[PDB]
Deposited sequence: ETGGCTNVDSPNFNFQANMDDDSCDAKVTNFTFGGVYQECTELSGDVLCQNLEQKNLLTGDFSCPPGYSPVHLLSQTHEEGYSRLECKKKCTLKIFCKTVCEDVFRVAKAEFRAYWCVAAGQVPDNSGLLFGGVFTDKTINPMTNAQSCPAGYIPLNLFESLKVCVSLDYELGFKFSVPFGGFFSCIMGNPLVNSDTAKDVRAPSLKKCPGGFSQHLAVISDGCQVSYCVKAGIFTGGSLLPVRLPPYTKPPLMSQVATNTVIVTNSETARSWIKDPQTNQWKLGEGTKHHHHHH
């Protein structure tokens, strides 16, 4: 079962960037997993954004000679985001989240053949631009849902494959690339054959 995703954020350059990066877990209201689920660290990265401002300053040589020089000063704003997903550490079986596919600002969600979530699904923000479609209404949301077999990234394996984590999809699941974040692959597992 799939327990949701979350993404923490930390400001390392005294700025304001986390507003877009952090994402709380639906089921807990916090950056944590529900009871019976364990966090699986997908990725840790530093998001950088260039901010250039022009500044003029008065410089005086000996106090009698006043000269105003105008330089634009370039600065970089940095914040670290840490993206995790929640996996069933044990086994309440009637819990978790339904999976309705993922997409980015540049890719499409094959479930809808558009950059959107299925009807009645919530997009959860992950990384810089990834969206994970999730529903909690089983009887209404199940119609648009596909079985989910886990995530794995270039730095963390998929704990659902059956010791360390292996970057593979389990059983009858196939791997599909979710996003490339700063040169690191992040893919997900769904049922084999569903996508065409």
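Colleague: What residue ranges of the deposited sequence are absent from the coordinates?
Modeller: According to the record, the gaps fall at 1-31, 123, 195-202, 237-295.
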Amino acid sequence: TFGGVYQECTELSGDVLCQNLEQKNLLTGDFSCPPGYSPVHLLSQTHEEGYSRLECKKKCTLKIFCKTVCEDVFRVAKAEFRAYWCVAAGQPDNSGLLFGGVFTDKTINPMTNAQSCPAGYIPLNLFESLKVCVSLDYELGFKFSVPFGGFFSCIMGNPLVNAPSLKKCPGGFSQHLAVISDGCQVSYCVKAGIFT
From here on, numbers count along this sequence of modelled residues.
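Colleague: With respect to the recorded C-alpha B factors, which stretch has the higher mean value, 11-19 or 172-180?
Modeller: The entry gives the higher C-alpha B-factor average to 11-19.
Colleague: May I ask you to compare 67-75 and 121-129 by their mean CA B factor in the entry and name the higher one?
Modeller: Per the deposited B-factors, the answer is 67-75.
Colleague: Have a look at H41, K167, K58, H47 and flag the one whose Cα has the highest B-factor in the entry.
Modeller: Answer, based on the entry's C-alpha B-factors: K58.
Colleague: Out of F31, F142, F151, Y37, which residue has the highest Cα temperature factor in the PDB record?
Modeller: If I rank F31, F142, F151, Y37 by C-alpha B-factor, first place goes to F142.
Colleague: Which third of the chain does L97 land in by C-alpha B-factor: lowest, middle or highest?
Modeller: CA B-factor rank for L97: middle third.
Colleague: What third of the chain does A114 rank in for C-alpha temperature factor, lowest, middle or highest?
Modeller: Ranked within chain, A114 CA B lands in the highest tercile.
Colleague: Would the CA B-factor of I194 place it in the lowest, middle or highest third of its chain?
Modeller: Highest third - that is where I194 ends up once the chain's C-alpha B-factors are sorted.
Colleague: Split the chain's modelled residues into thirds by Cα B-factor; is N158 in the lowest, middle or highest one?
Modeller: It falls in the bottom third of the chain.
Colleague: Report the third (lowest, middle or highest) to which the CA temperature factor of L27 belongs, ranking only the modelled residues of the same chain.
Modeller: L27: CA B-factor falls in the lowest third of its chain.
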